[PDB]
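In: coords please:
(chains A and B)
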Amino acid sequence: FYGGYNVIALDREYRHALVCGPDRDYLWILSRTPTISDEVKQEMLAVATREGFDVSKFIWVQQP
Amino acid sequence: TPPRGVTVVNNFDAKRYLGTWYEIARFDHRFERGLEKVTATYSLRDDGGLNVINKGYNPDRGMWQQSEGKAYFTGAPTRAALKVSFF
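Out: Residues are numbered from 1 along each chain as shown, chains lettered A, B, ... in the order given. What follows is the structure:
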């Protein structure tokens, strides 16, 4: 098991990241905190849609 | 290669990326399907790659599991494009 890992967007303070794999069927939202804001949520979704990712494929992962 | 057309961070500072990140959302694949409370932890190797540990809670096994990997940059370490091999 091996493959590409690409940080496609990252804020100035290294707190929020959009990471894709070797093609548009692989995408992740990463955060330094277990929950994020409605505002951060929409910016990440806007960027993914802009770069041709289908945001309908997202699963929202259970976090404490 | 990165997918055709996508942006890749081009002033990447790997040292500032190190430590723990929470997975907020994913496109679902069989390797992660069903795992909750997923974290990724990154540390710097002597040979200039990254060590990766992916942890999640598997409510079927009722257990914490992790997988470990080795990541290398495919070019400049200021270009956030890597290949990860799991073992």
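
In: which residue ranges of chain B form helices?
Out: For chain B, the helices defined by DSSP state H cover B:14-17.

In: residue of it closest to chain A, please.
Out: Closest contact between chain B and chain A, by Cβ to the nearest Cβ, is at residue B:80 (3.5 Å). C-beta here means a position set from N, CA and C on the backbone, and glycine is covered the same way.

In: so what's that residue up against?
Out: Residues near residue B:80 by Cβ atoms under 8 Å, 6 or more residues apart in numbering or on different chains: A:6, A:7, A:10, B:8, B:9, B:10, B:12, B:17.

In: not including adjacent chain positions, what is the nearest residue to it?
Out: Nearest residue to residue B:80 in three dimensions, chain neighbours excluded: residue A:7, at 3.5 Å (Cβ to Cβ, 6 or more residues apart in numbering or on different chains).

In: three-state assignment of that neighbour?
Out: strand (DSSP: H, G, I helix; E, B strand; the rest coil).

In: what does chain A put close to chain B?
Out: By Cβ under 8 Å from any Cβ of the partner chain, the residues of chain A that approach chain B are A:1-10, A:14, A:17, A:20, A:22-36, A:51-52, A:57-64.

In: show the buried residues in the residues you listed.
Out: Applying 16 or more other Cβ atoms under 10 Å in any protein chain shown to these, the neighbour count classes A:4-10, A:14, A:17, A:20, A:24, A:26-31, A:36, A:51, A:58, A:61, A:63 as buried.
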